Amino acid sequence: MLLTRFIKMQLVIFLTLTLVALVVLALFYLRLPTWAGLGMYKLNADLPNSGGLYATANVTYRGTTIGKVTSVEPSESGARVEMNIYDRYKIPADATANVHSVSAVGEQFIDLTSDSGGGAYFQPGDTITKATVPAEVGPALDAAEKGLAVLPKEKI
Amino acid sequence: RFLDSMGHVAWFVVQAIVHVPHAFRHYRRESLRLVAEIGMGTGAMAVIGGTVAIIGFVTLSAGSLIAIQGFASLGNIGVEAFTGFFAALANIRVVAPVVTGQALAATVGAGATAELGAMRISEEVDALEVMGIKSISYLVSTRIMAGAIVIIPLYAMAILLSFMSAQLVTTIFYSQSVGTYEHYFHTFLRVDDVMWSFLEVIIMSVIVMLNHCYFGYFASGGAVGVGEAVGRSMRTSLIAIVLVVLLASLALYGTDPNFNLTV
Amino acid sequence: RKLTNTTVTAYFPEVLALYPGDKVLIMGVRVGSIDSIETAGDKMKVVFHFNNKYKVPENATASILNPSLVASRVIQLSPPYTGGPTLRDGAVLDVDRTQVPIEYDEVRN
Amino acid sequence: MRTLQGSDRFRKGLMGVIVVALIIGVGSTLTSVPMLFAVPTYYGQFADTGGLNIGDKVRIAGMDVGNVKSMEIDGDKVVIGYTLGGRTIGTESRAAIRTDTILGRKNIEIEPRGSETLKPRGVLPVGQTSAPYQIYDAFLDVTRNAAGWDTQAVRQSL
Amino acid sequence: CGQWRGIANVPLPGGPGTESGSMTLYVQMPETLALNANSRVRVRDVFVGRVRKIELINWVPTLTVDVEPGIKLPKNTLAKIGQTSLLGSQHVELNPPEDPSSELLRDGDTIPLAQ
Amino acid sequence: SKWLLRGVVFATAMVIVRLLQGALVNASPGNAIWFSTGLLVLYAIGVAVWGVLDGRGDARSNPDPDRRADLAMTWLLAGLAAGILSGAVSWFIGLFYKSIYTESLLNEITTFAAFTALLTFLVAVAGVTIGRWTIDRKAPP
Amino acid sequence: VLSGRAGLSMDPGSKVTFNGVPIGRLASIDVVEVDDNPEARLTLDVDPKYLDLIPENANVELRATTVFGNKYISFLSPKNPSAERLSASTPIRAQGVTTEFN
Amino acid sequence: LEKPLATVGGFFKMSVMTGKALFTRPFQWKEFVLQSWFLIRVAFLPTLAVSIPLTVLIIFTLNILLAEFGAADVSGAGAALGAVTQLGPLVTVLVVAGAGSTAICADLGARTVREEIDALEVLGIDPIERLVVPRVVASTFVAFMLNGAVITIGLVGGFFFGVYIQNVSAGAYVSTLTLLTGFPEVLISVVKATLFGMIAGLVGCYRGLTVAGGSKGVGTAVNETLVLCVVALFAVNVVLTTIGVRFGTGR
Amino acid sequence: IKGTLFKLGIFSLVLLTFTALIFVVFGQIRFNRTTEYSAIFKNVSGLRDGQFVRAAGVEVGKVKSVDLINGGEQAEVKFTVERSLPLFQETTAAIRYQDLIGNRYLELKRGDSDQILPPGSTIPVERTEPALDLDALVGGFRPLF
C-alpha cells in the first residue's frame, strides 16, 4: 500500500532537518544541559542579606561566568543560595561569595573571590558561610542628605 | 442560524477529536504521507521547500525586524548593549509565536482547505462514504495527527531561524560584539518560557488545523466556493491565533512576570 | 585567520562584564577583538588579538574600559605608538601593566 | 489571456526584477548618494575619539550643522572627518568632543574663530581640539582617591 | 480646535479625583517647569488627585487640580511642583504646613503664589 | 551594440557631471545642493532628448507597438552599464583627484550605479513614450 | 503598614522583600487622617509561607532599589526578634523612608 | 527557475499595463466604489478583531517588562512606536492578504472559469482597464484607511488596558506617545500601507486572471496568492523598516 | 450604487478623520493665531525646530527656526508666541532640558517692566542663557577630584 518512495524521500529529509534543527536549538541556543544540570555540581552559600540576588543570575569567579544561581530563599540568619557550577571549575575552600551589581540599572550576580586561589576545594553540597553585600543606595542617599543639610549655609 | 452553526462546528471538532485513535491504529500510512506532504509542501509550492521555506523566510524577516528596530531605538536612547536581552524576550513573548502561527495557517491550512474542497467537489468524500469508510476519521483526524507530529519540528526551526536572524543582524550588520549579545541573550532567556511557547504553538496548530478542515470539508459551490472557503478559513485562523496567544500569555505571566533585573 | 593579526595575552586581577568577541581599541578605534578569557590561579588570563596593520609599543598597558552606563566593555592599549620597539606576537602582559574599571559597587561603598 | 501568456515573459521578468532591485537599492540609500547630496568634508586631529561614533552630531553654537563621517588612526592622533552642511568656519576654529547626555551620547562642538576660510579637506591642528573628560574617568578618580583616605585623621584634623 | 494644546494636555477619564465628590482647587504656581496636564497630585507622596488644566492667566500659571473626596487640607496648605523620578514624570505635592489652620480648603478655593 | 554605446555616452556624461559638481561644491558650498540638482536635471534632459529621438526611430519603422522592438530593455541595459562604468571610472579617478565625492569601490559599483541606472531608465522610458506619442497622432485613423 | 509618607516611585506592584528576597508585593496605598495628620497606609499581599519566619518586631523600610529604579518595602530582623509572628491583625510601622532626590 | 521567472515576468507586464491604463484610459468610478465597499465589508471586523488582542498583548508584555525594569512611565513611547511603525502595517498585511487579496483572486478566477474574461475580450474590451485598475485602487485606498484605523484603535485600547488593568499612570502614557513617534514614523507607516495594498491587489488580480480551471485550480490559485502576498509584504516591510529607522525620530 | 456610495463615503470620511487625527497627534499640529519673535543666544544647546516655547512653563508657541549670526559666534532663534500673550522689554529667554535624553524647550520669563515689546522684535543676548552643558559640568570636576 502506497510507499511511493518519493514521500519516503521527503519524510527522511524532513526527519534529518528536524533532528539537526532540534539538536542545534537544544544545545547552542536553549542550553538544555545547563538548565537541567548536566555536567555541573551543586553548591550552597549563606548571606547576611540577598543583596538583590535572584534565581537564574550568573555565578562568577573574578567576573567570568562559571555557573548559574538555581534558587535564593529567605532564612532566619539571612538568605540561602543554591547554585550549579560547571565541574570544569573548582573554587578554593577559602573563597567568599560577594553579591554584586554589574551597573547602576541592575543585573545582580554573585562572585566567588579567593585570595589564595589554591589548596583545598569545596565539595558538592557544601555551603559558603562567609559573604558580603554592597552598601545600599537608600542609606547612602539619606547620609548624603543629612550631611549636606547639617551645614549652616548662612555661615558659608 | 448562529447557534446552529456553532453546534455544527462543535460537532465537527468533537467527532474529529474522538476519531484520532482510530486513524492512529488504522491509517498509519496515510498519516505518514500527510506528514511528508505538510512538511515538504504540495503542488507548485513543494519545489521551493513547501511549508518549511515559507516559515523560515517569514521568521527570518520577523527576527530582522526585531533586531533592526530594537537596535535603532536603543542606540538613539544610548543603552544599546541590551539589544539581545530585548530581542530574545520579543521572540518568545509576541513575535515568533504569532508570526509562525500566521505562516503555518496560510501554508498548511490553505493547502488542507483546498484539498478537502477539491475532494468534496469531486465527490471523493461521497466515494469514501459509499465504500464504508469514515470520511471524517480518514481525512480530518489524519490531518490533525500529521499537524501535531509536524508542528514541533516546524516551530523549532522557526525559533532557531528567528534567533539566528536577530543575532546576525545585530552582530554583523550593526557590528555589535558577539560576546555581549550572547551574554545578554543567554542571561535573560528562560527555558520555561520556550517550553510554554511550544505548548502554545501546539495548541494553536491543532485549532488552526481543525478550523481549516472544517471550512474545507463542507465546501460547496463547485471550484468557485473553494477560494471563498480558503478566505473565510484564513480570517478565522488569524483571529483564533492572536486570541490564543493573548490568552496564554495573560495566563502564564499574569502574576509572576518571570523576569528579574533590579533588586 | 590565524597569524593575520597579532595575538597578545594579558593578566588581570578581575575581568568583569568582558566576554570573548568584545572589541579591542586603540585611541577609541577598533583594531581587533578578544579571543578567550580563562582563570589563571588568582589572576585572569585574557588572550586577545589586534590587526597587524596597527603597531603597538612593547611597553603598552591593556586597560579594560567601560564606555558608558550600559555598554560593552573593551580592552584599550592605552599608550599610542610613536616609534621604537613594538609589541610582538605571543607577548605576555602581567598584572602590573593592566588596569580594571572602577565598578559601581566600589563607588557605592 | 493571450497577452499575459505571451512568449516574452523571460525578458519581462529580467527587466522587472532588475528594476525592483534598483528601486530597493535607491530607497535604501537615497540620502547617501554623493551625486545628489554632496557637501565638503573637513577633518580634525584629536587625541582620542572618546566614544564618538559615525553619524554623531557636529554642532556650531549648539545647533546641528552636520554629522561625523569617518574616524581613522593617523600615527599618534585620530583623524576625524565630518561635514558642516554647506557652512564655512575659520581656520582658527576649535573642535571639542563632548558628552551630550548621562547615557553616553557624544557630539562635536565647533567654535568658529579667525578670518581665513577653512578650505575643503582642511585639517584642524591637534592644538585646537580637545577630548572629553569621561564620566567613568571622573568616577574612577574620585573613588580611587577616596579609597586611600584616612577618614579618622581627616575628621580629627577638622 | 482653537484651544488644542496636544494629546498630552487633554483631560482623561478615570482615576482619583475624577469621581463624584472630588473637590476642585486652583493653584497659582510661579512656574510649572514644563508640567503637562493629567499629572499626579500627591499628598504624603500618595497619588490622590489629578491636575486638569494649566492655563496661563495674566502671565502667571494657574493649575486646576481635582482631588478625591475624604481628604482634609488646611487653607494654608503648601503646593510644590516636584519630580517623581530621575527618568520619569513630575507631580504636584499638596503638603500641610507646620502650622495647620482650622479652616479648610473648599471647592473652588485658590492657593496663592505665596504658598 | 546600441545599449553599449548609450551606456558609454551616458557614463562619460555622468563623469563630466560629477567633475563639474565637485568643482562647483568646492567653490561655493552654500549653493552646493542646488548645483548638483541643476546638473542632474541637465543629465536627465540629455537622456530625455535621446529617448524622444529613439521613440521616433521606433515609431516610424513599425506602425503598431507589437512590431516595434522593446526599447525598454535596451534602455535599462544602457543605464545599468552607464552607471557601473561611470562609478568604476570615477572611483579610479578619485584615487588621484580629491575634488570628486566618491565612496568605496563596492558602493560606487553597486549602490550608486543603481541610482544612476534607475534615473536613466525612468527618463529614457518617459522620453521614448513621448517620442512615440509625438507621431502617434500623425498615424492614420 | 503605616508610615509618614509612602515615598516616590512606590506604586502598587512593588516588591516586598525580607532579608533581600521578595516574599510578596504591594497591593494598595491610601491616605489615612490620623489625629488631624495624613499618613500613608500600605496594604501588602504576602505569601503565608514566609509569615512564620518574619518576627513581630521586624524593621520596615521603604528603601530605594537604584537611582533610576523604583522603591521596595524591606523587612529585616531586629536585634531581639520577638517570639510572636506577624499577621493581618498586628499593627506595624515603617522605621524610615529614603530621602527623595527633590 | 525559467517557469517561475516567466510567471514573475507576466505579473510585471500585467502591472505595467495596469499602470498605463490607470494613467491613460478613463477611470472606472462605479467599479472602484463597489470594490472599495466590498473590501471594507470583508476586512473591517477581522482587522479590528485581530488588532485589539494583539495590541493588548504587546502592551501587557511591555508594561510587565518595564515595571520589572523600573521605568514603567516610558511605556507610552514603546507603545506608540510599535503601534505606528510595525503593528499597523503588519495587521494591514495579514488582514488584507488573507481577506481582500484572496477574495479578488477568487472573483477573477470565477470570471475566468466562466469565460467572462473571454466574453469581455471578444467584445474588444481590454479587461485590465475595466477590472484590475479599480481593484488595485480600491485595495490601496482600503489599506490606507484600515492602517489608520488599526493604529488609532490599537493606541486607544492599549491606553485603556494599561490604565484600568495594570494601573499605570495615564499621564505617562499620553505624554510619552510623541517621545519616539513623529512625522517620519507616520509617513513611513502610510507608505507601508499604500505599498502593501497596491502589491496585494496586483498579486490577487494577476493570480485570478491566470487561474488553471480544473477542480482545484481556483483553490490552488488562492493559496498561491496568499503565500506570495505574505512573502512579498514581509520582504517589503523589512526594506521599508530599514529605510524608516534610517530617518529616525530620535536621531 | 447610491446607498453603497453613501456608505463608502461615510466610512472613508471616518477613517480619514482617524488618519488625520494620528497626523495631528504625532506631528504636534496647533491651530492658534501666533506672533513671531526672535532671540539671540551664545549657545542654543541642541535646540531644534518644532520644539515647544513656554512662558512661565506653560506652552504658548513653538520654535520656527534657528540660524547662525555673527559668523556663527551666535545663534538667532526665531520662534512664535500665542497672539494673546504680549512680551515686554524685560522679558528674558532661556533654554531648559525637557529630559535627560536630549530634548530641549524654550522658556520665557515676563520680567518687571510694563513696556510692551512690539511684535517682531529681537531679544538681545544680554538676557538669554543656555542650558546645562553637561560636558562642562563633568569636566569641571577634574581639578576637584
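In order, the protein sequence lines correspond to chains A, B, C, D, E, F, G, H and I. Sequential numbering of the first sequence, starting at 1, is according to this note's numbering. Sequential numbering of the second sequence, starting at 1, is according to this note's numbering. Sequential numbering of the third sequence, starting at 1, is according to this note's numbering. Sequential numbering of the fourth sequence, starting at 1, is according to this note's numbering. Sequential numbering of the fifth sequence, starting at 1, is according to this note's numbering. Sequential numbering of the sixth sequence, starting at 1, is according to this note's numbering. Sequential numbering of the seventh sequence, starting at 1, is according to this note's numbering. Sequential numbering of the eighth sequence, starting at 1, is according to this note's numbering. Sequential numbering of the ninth sequence, starting at 1, is according to this note's numbering. All C-beta atoms, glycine included, are put in the ideal place defined by N, C-alpha and C.
- Listed along the chain, the chain B residues whose CB falls inside 7 Å of the CB of residue 21 of chain C are 177, 178, 179.
- If you compare the alpha carbons of A:65, A:9, A:38, A:140 with that of residue 102 of chain A, the shortest gap goes to A:65.
- Residue state for residue 68 of chain I is assigned as strand, using DSSP reduced to three classes.
- At a cut-off of 9 Å, the C-beta of residue 147 of chain A has no neighbouring C-beta in chain C.
- Annotated as proximal: residue 45 of chain I and residue 130 of chain I, with beta-carbon spacing under 9 Å.
- Contact check between the segment 26–39 of chain B and the segment 144–154 of chain B: three or more CB pairs, one atom from each, fall below 8 Å, which counts as touching.
- Residue nearest to residue 99 of chain F within the set F:26, F:16, F:13 is F:26 (criterion: CA-CA distance).
- Around the beta carbon of residue 69 of chain C, 16 or more other beta carbons lie within 10 angstroms, which makes this residue buried.
- Take the alpha-carbon of residue 15 of chain F and the one of residue 51 of chain B: they are about 49 Å apart.
- For the pair residue 65 of chain I and residue 122 of chain I, the CB atoms are not nearer than the 9 Å cut-off.
- Inter-residue distance for residue 257 of chain B and residue 236 of chain B is about 30 Å (C-alpha atoms, whole angstroms).
- Note on geometry: alpha-carbon atoms of residue 26 of chain I and residue 9 of chain B lie some 45 Å from one another.
- Here residue 10 of chain I carries a helix assignment [DSSP, helix/strand/coil].
- Proximity of the segment 4–23 of chain I to the segment 116–132 of chain H falls short of the contact definition, fewer than three beta-carbon pairs being nearer than 8 Å.
- Within the same chain, Cβ atoms closer than 8 Å to the Cβ of residue 55 of chain A are found at 69, 70, 71, 72, the five residues on either side in sequence being excluded.
- Counting only the Cα atoms, residue 76 of chain F lies some 22 Å from residue 4 of chain H.
- Three or more Cβ pairs closer than 8 Å define a contact, and the segment 222–231 of chain H meets that threshold against the segment 203–210 of chain H.
- Distance between residue 162 of chain B and residue 107 of chain I, taken at the CA atoms: about 48 Å.
- The beta carbons of residue 13 of chain F and residue 71 of chain F sit no closer together than 9 Å.
- The residue from B:221, B:166, B:260, B:180 with its alpha-carbon nearest to that of residue 96 of chain B is B:166.
- Separation of residue 85 of chain I and residue 99 of chain D (C-alpha to C-alpha, rounded to the nearest whole angstrom) is 37 Å.
- According to the DSSP assignment, residue 129 of chain F belongs to the alpha helix (DSSP H) that extends over 112–136.
- Put simply, the CB of residue 36 of chain I is far from chain D, with every gap to its CB atoms at 9 Å or more.
- Chain-ordered listing is empty here: chain B has no CB closer than 7 Å to the CB of residue 90 of chain G, the nearest sitting near 25 Å.
- When CB distances to chain A are screened at a threshold of 7 Å, the residues of the segment 36–47 of chain B falling below it are 36, 39, 40, in chain order.
- Minimum Cα-Cα distance from residue 93 of chain B among the listed residues B:152, B:48, B:192 corresponds to B:192.
- If you check the CB distance, residue 78 of chain F and residue 120 of chain F come in under 9 Å.
- DSSP links residue 63 of chain G through a beta bridge to G:72.
- Boundaries of the beta strand (DSSP E) around residue 92 of chain I: 92–97.
- The three-state secondary structure of residue 96 of chain D, taken from DSSP, is strand.
- If you ignore the 5 residues before and after residue 21 of chain E, its C-beta comes within less than 7 Å of the C-beta of 69, all in its own chain and listed in chain order.
- Separation of residue 60 of chain H and residue 99 of chain B (C-alpha to C-alpha, rounded to the nearest whole angstrom) is 18 Å.
- For the segment 59–88 of chain B, the set of residues with a beta-carbon nearer than 7 Å to any beta-carbon of chain D comprises 77, 78, 79, in chain order.
- The C-beta of residue 241 of chain B has 16 or more other C-beta atoms within 10 Å across all chains shown, which makes the residue buried.
- In the DSSP annotation of this structure, residue 212 of chain B is not part of any beta strand (DSSP E); the continuous alpha helix (DSSP H) holding it starts and ends at 191–217.
- Within chain B, no residue has its beta carbon less than 9 Å from that of residue 3 of chain C; the closest one is some 22 Å off.
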